[PDB]
Amino acid sequence: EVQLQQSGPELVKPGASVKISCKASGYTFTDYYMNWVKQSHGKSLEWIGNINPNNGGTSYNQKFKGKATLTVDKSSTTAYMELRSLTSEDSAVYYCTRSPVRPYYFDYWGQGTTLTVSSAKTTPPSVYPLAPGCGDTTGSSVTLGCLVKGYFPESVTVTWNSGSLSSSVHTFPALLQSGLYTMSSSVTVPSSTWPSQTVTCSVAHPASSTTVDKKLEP
Amino acid sequence: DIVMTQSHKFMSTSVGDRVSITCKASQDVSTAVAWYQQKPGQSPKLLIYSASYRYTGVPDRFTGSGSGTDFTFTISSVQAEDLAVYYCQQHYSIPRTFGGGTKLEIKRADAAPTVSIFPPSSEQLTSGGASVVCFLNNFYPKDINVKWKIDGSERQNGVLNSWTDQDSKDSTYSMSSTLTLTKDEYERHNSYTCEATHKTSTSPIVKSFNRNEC
Amino acid sequence: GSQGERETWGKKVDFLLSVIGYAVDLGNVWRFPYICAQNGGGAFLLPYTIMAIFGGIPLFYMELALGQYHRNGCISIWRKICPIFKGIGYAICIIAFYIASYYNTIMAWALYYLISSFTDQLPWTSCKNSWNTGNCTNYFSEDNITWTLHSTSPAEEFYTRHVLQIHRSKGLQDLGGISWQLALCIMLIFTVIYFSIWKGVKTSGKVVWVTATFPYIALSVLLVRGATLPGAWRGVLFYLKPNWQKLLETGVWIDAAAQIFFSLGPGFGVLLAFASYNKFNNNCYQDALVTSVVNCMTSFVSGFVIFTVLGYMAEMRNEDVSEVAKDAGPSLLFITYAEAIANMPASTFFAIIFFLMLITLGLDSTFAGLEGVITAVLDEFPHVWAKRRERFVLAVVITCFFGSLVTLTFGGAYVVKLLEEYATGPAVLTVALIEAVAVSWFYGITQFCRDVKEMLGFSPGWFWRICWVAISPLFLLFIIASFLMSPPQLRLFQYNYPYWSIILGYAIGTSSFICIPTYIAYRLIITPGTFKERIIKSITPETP
Ligand SMILES: Brc1ccc([C@@H]2CCNC[C@H]2COc2ccc3c(c2)OCO3)cc1
Ligand SMILES: *[C@@H]1O[C@H](CO)[C@@H](O)[C@H](O)[C@H]1NC(C)=O
């Protein structure tokens, strides 16, 4: 149906510029205002501005005037937002959301765009299999894990066997220290399919465009 | 401009209880308030528009009320998947502003933390590092003590506690206590032990393993 | 012998309500409330009065005093003051023409609405008409509606595709042809001014009894009506909320000065003509004072008349009245206000008195507008003219119809803006400056204080003296410089005017101005002597 597919995460050095796209689909693109909402880590939603796709009618917020520049293209039904003078405060998630003209609600949003403004080098993650020992008592279920150590920025994805299954996967948030992140993942799966079948965790780092897959071994 | 104030940053409720989040605006708004539901890790989802009207695709358990400045979002039958952070937003005056955000935490019965200790893998011992892990899964509430024991002594340097958010299925928190050490220090000690003190029981749960090729 | 002394007015109240009739128009109704609520709200009253006291009032009273004292036209009075500036009298004659091309077409719209408002079900209520598109979405229809960028309201559809038919023109480039309905409307207008001007000051002065008093009645009905509407305090809040920070902007003062000037309209020759037909013994200080204070307060209450209905309209919709009051111009009254009064009981009544009120507002002002020019030409070419008044009056009226034929087109509205912004404002400001400077500096403000001292019996205060010598020509100079420095890009109905419009505008702004430096060249070029000799005999008026 109505889909707003935004662009991927961006790691940009402070002081530079960055442009974010927003592919709209599933409705008459010229029939709705295209908005941009900023969401800082742990903060509330912040309205950047809107744009009329017909003529590029940008209506900004006084707080973002000269900070963001909204553009639009009808030939591909895609709205863009460009940001200059990047600081540490701009390291936030940005959404592009559709809205009618009245009443002005935000019915459909995008998945978000993680922006990290830091001069820290893109560090690839170290994937180390967190496997149970060989002396443990195998009960009705075994808990497994995979450790992701030392990466930047927070763009990372830990999957388990192409997403099948994952009805008991506990993913622990990443922690930042000395400019590098570190997280861990776990999965509770019964003992009647291990170690008979194959269980493998896949760690993907989009900012460094790397993907290391490690299989758990007791 | 308009200042939307949500005085209560957190609200505790249970599955099936009647919950209601408040929203205070700067001036008179008539009936121009929209309520959004942002689930952890998802985009904000529109639920209510113009104070009381529900948006399409929203279950009957979500309602809205208020007329003037103060507005209220009501859920009659809270489900495990209704766990989210709710925002209120005005839609009359330029610019459009939002509320501070009210996280709805679900209250349930106590649960015993399942503690599992993990020895450093061979790929990490190969790299020259060794991290002993201690997972604490499915417990309630969030308040829980985690104590480390390298060889019986409470280890405190290099310990990181990571609490996940509440669950959307059984409403059970889960945390990870990580004890990261070097390889040289790992091959000079054997049986690692991590214990957890929770309110479910007075005696902390003690877990141990051996370094000598398990 | 023969004519000799000029005629005299029929009563004091006729000329009081007559100059009030010129002063009060459409802009008083909607322009001032918009510019007021936009520039700092109620705080706008603080500079507006200053720009009144220091700027509008002195020009108003000076013009009026000269008019009643010298009893001459807009062209013949310069013969007896500063002959080289006689071209001023000509310039106004051109300026007025440009104004009469669009000012009455607006009254034609209000007239087309008025005759279209006699039906039991008003046309701009339903969408099942012969002019509505598929975008037309209206009320008394399913609730929950969520408006679309392409959707359009039945009032906007009616004003756009019917009375204007502006969708049938692409802009200034292609605007033809002519809408005969508005041609018949404006023809009826030129008729109703024809039977109110053709005889002279007696008929204009008698029609003014109705054309200047009824707007207060219609504004009173819509005032007490708009006040009883639920949630009307929003428009009043947005209308009078003080935002003193906007007063720090150097623009706002400029807006206030331009507003009070173009709402008192001094130095246009209309006040000269209206003042000419009065008693020499008759006081005029109180006249000018009260008349202005009426135009200003009338604007102040008109603000409520508009923003109460706009407040109710913002309550039925969703607040922040500014959004429902974004567009200033013909759309604030013909669309928003009409659509607002459509949802009220006995809507035929409020509609009839509303658009009838619009025509009633324009009528008196255009009476006076023509009155000044007619007096000027009759006094400048006597005996060669005055053979009949209906001849010259008929000529100028049919001339105004042919002038409005460019405005009766589909894109006529476009032209209306081009003529409303570019042509009148800079030139009128200029001629007011040159006129004020010529009366205060050339003729000498001392001899002017002697003329008023012979007029009312007492010399005008040192306040009026310093206002005429310095404060008023600086008041006009301010708006002149600020205007020339930042001419405005203008847009109407989702259509930005071409970059070249200003060029066209400047033509229409200067094609009327060319007469005064060329007349100075004609005077100084026609009488031989030296440059210092001929300009000294050309700056001093007739001795006898
Ligand atoms: Br800029 C400028 C300067 C002064 C004015 C006055 C002042 C306010 N009250 C009416 C208005 C009179 O506007 C006219 C209308 C029809 C006319 C006319 C003049 O002369 C020929 O027919 C408007 C614009
Ligand atoms: C409605 O208006 C849009 C432009 O505003 C136009 O493209 C569309 O064709 C219109 N609808 C109909 C049915 O004409």
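Descriptive notes on the structure:
- In the set A:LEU115, A:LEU180, only one residue is under 30 Å from A:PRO14 (Cα atoms) and in the same structural domain as A:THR87 (by CATH); that residue is A:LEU115.
- Members of the stretch B:37-62 that are in contact with a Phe, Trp or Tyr (Cβ under 8 Å, 6 or more places away or on another chain) and over 29 Å from C:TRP233 (Cβ atoms): B:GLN37, B:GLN38, B:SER43, B:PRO44, B:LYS45, B:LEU46, B:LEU47, B:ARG54, B:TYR55, B:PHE62
- Of all residues making up the stretch A:119-173, the number that are within 25 Å of the chain's Cα centre (by Cα), farther than 30 Å from A:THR87 by Cα and not in a strand (DSSP E or B): 8
- Residues that are farther than 19 Å from A:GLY26 by Cα and within 16 Å of ligand 2 (Cβ to nearest atom), drawn from the stretch A:57-82: A:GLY57
- Residues satisfying the stated conditions in the stretch B:1-55, i.e. among the polar types (S, T, N, Q) and under 27 Å from the mean Cα position of the chain (by Cα): B:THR5, B:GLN6, B:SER7, B:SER12, B:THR13, B:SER14, B:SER20, B:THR22, B:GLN37, B:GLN38, B:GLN42, B:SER43
- Residues in the stretch C:36-56 that are within 15 Å of C:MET297 (Cβ to Cβ), surrounded by fewer than 23 Cβ atoms within 10 Å (Cβ to Cβ) and under 21 Å from the mean Cα position of the chain (by Cα): C:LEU45, C:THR49, C:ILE53.
- Candidates are the residues of the stretch C:485-528 that are in a helix (DSSP H, G or I) and among the small types (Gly, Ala, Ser); the one that is farthest from C:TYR422 (Cα to Cα) is C:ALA521.
- Among the residues of the stretch C:469-499, just one is in contact with a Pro (Cβ under 6 Å, 6 or more places away or on another chain) and either more than 15 Å from C:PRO58 (Cβ to Cβ) or aromatic (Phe, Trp, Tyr) (or both), namely C:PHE483.
- Of all residues making up the stretch C:142-199, the number that are more than 16 Å from ligand 1 (Cβ to nearest atom) and among the β-branched types (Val, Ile, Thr): 8
- Sole residue being touching a helix residue (DSSP H, G or I) at 6+ places or on another chain (Cβ under 7 Å), more than 14 Å from chain A (Cβ to nearest Cβ), more than 16 Å from ligand 1 (Cβ to nearest atom) and part of a loop (DSSP other than H, G, I, E, B), chosen from C:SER440, C:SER459: C:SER459
- Residue match in the stretch C:58-69 (condition: under 27 Å from C:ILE525 (Cβ atoms), touching a residue at least 24 places away in the same chain (Cβ under 8 Å) and buried (at least 24 other Cβ atoms within 10 Å of the Cβ)): no
- Answer residue from the stretch A:201-218, given it is in a loop (DSSP other than H, G, I, E, B) and within 12 Å of chain B (Cβ to nearest Cβ) and is surrounded by the most Cβ atoms within 10 Å (Cβ to Cβ) among those: A:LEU216
- The set of residues in the stretch A:152-182 that are within 14 Å of chain B (Cβ to nearest Cβ) and at positive phi contains only A:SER178.
- For the stretch A:94-105, the condition of being at the interface with another protein chain (Cβ under 10 Å from one of its Cβ atoms) and among the β-branched types (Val, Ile, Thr) holds for at least one residue.
- Residue match in the stretch B:41-62 (condition: exposed (fewer than 15 other Cβ atoms within 10 Å of the Cβ), free of Cβ contacts under 8 Å to residues at least 12 places away in the same chain and more than 14 Å from every other protein chain (Cβ to nearest Cβ)): yes
- Residue match in the stretch C:96-112 (condition: over 21 Å from the mean Cα position of the chain (by Cα), more than 16 Å from ligand 1 (Cβ to nearest atom) and not hydrophobic (A, V, I, L, M, F, W, C)): no
- Which numbered condition C:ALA314 fails, given (1) outside any helix (DSSP H, G or I); (2) buried (at least 24 other Cβ atoms within 10 Å of the Cβ); (3) within 14 Å of chain B (Cβ to nearest Cβ): (1)
To keep it simple, each residue is scored yes or no on (1) of a type outside the set (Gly, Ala, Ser); (2) surrounded by 15 or more Cβ atoms within 10 Å (Cβ to Cβ); (3) on the phi < 0 side of the Ramachandran plot; (4) touching a residue at least 12 places away in the same chain (Cβ under 8 Å).
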{"residue": "C:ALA427", "(1), (2), (3), (4)": "no, yes, yes, yes"}
{"residue": "C:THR430", "(1), (2), (3), (4)": "yes, yes, yes, yes"}
{"residue": "C:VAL437", "(1), (2), (3), (4)": "yes, yes, yes, yes"}
{"residue": "C:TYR443", "(1), (2), (3), (4)": "yes, yes, yes, yes"}
{"residue": "C:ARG450", "(1), (2), (3), (4)": "yes, no, yes, no"}
{"residue": "C:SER459", "(1), (2), (3), (4)": "no, yes, yes, no"}
{"residue": "C:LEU474", "(1), (2), (3), (4)": "yes, no, yes, no"}
{"residue": "C:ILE479", "(1), (2), (3), (4)": "yes, yes, yes, yes"}
{"residue": "C:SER486", "(1), (2), (3), (4)": "no, no, yes, no"}
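- Check on C:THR160, outside any loop (DSSP other than H, G, I, E, B), surrounded by fewer than 24 Cβ atoms within 10 Å (Cβ to Cβ) and within 16 Å of ligand 2 (Cβ to nearest atom): yes
- Taking the criterion of being away from ligand 2 (no atom under 16 Å from the Cβ) and more than 14 Å from chain A (Cβ to nearest Cβ), the residues of the stretch C:122-154 that qualify are C:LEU122, C:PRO123, C:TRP124, C:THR125, C:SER126, C:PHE140, C:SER141, C:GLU142.
- Any hit, the stretch C:167-182, residues being out of contact with any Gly (no Cβ under 7 Å at 6 or more places or on another chain), within 14 Å of another protein chain (Cβ to nearest Cβ) and within 16 Å of ligand 2 (Cβ to nearest atom): no
- Odd one out for B:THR102, checked against (1) in the same structural domain as B:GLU195 (by CATH); (2) in contact with a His (Cβ under 9 Å, 6 or more places away or on another chain); (3) touching a residue at least 60 places away in the same chain (Cβ under 8 Å): (1)
- A:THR193 passes every criterion in (1) loosely packed, with under 13 Cβ neighbours inside 10 Å; (2) in the same structural domain as A:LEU11 (by CATH) apart from (2).
- Any hit, the stretch C:389-407, residues being more than 16 Å from ligand 2 (Cβ to nearest atom), within 30 Å of C:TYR499 (Cβ to Cβ) and of a type in the set (A, V, I, L, M): yes
- Within the stretch C:9-27, if we keep just the residues that are in a loop (DSSP other than H, G, I, E, B) and among the charged types (D, E, K, R), the residue that is farthest from ligand 2 (Cβ to nearest atom) turns out to be C:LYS11.
Every residue, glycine as well, gets a Cβ built from its backbone with ideal geometry; the counts of neighbours run over all protein chains shown. Numbers and lists here come from the model and the stated rules, or from a named source; no laboratory instrument gave them.
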